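Asks: Whatever this is, show me its structure:
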Amino acid sequence: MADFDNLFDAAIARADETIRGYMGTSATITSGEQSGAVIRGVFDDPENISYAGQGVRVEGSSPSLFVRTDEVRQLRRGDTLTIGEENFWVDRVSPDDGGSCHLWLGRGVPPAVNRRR
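Replies: Numbers count the residues shown, from 1 in each chain. Find the structure here:
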């Protein structure tokens, strides 16, 4: 006793990707005309509660970014990561042990559309 059969199929094209990164603060590195990778950085501000007096037209604020030597190693110097608020590039961070770097990064808003007060 035996049997047999047949069939057909096709062929197309696709892509690939990866998803992994959970240690510190969730961030999305973005320093280019159009970029968005996985980064673990956190922005630290001196005092969310601050004002002027309807005097100055432009203010300045540069929070701190907490990342690991490795996490920051995969990137270059001047990479503005958008986390919590907006992509912010860090000047230079130098950890001491266990990937613990922190430096005041500069502001940076992506090309995305955001509502202003």
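
Asks: The chain: helices as residue ranges?
Replies: Along the chain, counting by DSSP state H, helices occupy 69-73.

Asks: Return the residue of this protein that is most distant from the centre.
Replies: Going by CA atoms, centre = their mean, the residue of the chain most distant from its centre is residue 1, 63.6 Å out.

Asks: Spell out the residue ranges of the strands in the protein.
Replies: 28-29, 43-44, 64-67, 80-82, 87-89, 101-104 (DSSP state E).

Asks: Out of those, which gets nearest to residue 13?
Replies: strand 28-29 (27.4 Å; CB to CB). C-beta: built from backbone N, CA, C; applies to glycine.

Asks: Other residues contacting the closest one?
Replies: Here strand 28-29 makes contact (CB atoms under 8 Å, 6 or more residues apart in numbering) with 35-39, 41, 75, 79-83, 87.

Asks: likewise stretch 87-106?
Replies: By CB under 8 Å, 6+ apart, stretch 87-106 touches 29-31, 41, 43-44, 62-72, 77-82, 107-110.

Asks: again, 7 Å this time
Replies: 30-31, 43, 62-72, 77-81, 107-108, 110 (CB atoms under 7 Å, 6 or more residues apart in numbering).

Asks: now that stretch, how far from the centre of its chain.
Replies: 13 Å (CA atoms, centre = their mean, to the nearest Å).

Asks: What's the end-to-end length of that stretch?
Replies: 9 Å (CA to CA, to the nearest Å).

Asks: Stretch 8-15 now?
Replies: 23 Å.

Asks: same question, stretch 39-55
Replies: For stretch 39-55, the end-to-end distance is 37 Å (CA to CA).

Asks: Equivalent analysis for stretch 78-95, please.
Replies: Note: stretch 78-95 ends 17 Å apart using CA to CA.

Asks: One more: stretch 30-47?
Replies: End-to-end for stretch 30-47, by CA to CA: 25 Å.

Asks: Return the set of buried residues in that stretch.
Replies: 30-31, 39-43 (16 or more other CB atoms under 10 Å).

Asks: distance of the residue farthest from the centre of the chain from residue 7?
Replies: Between residue 1 and residue 7 the computed distance is 22 Å (CB to CB, to the nearest Å).
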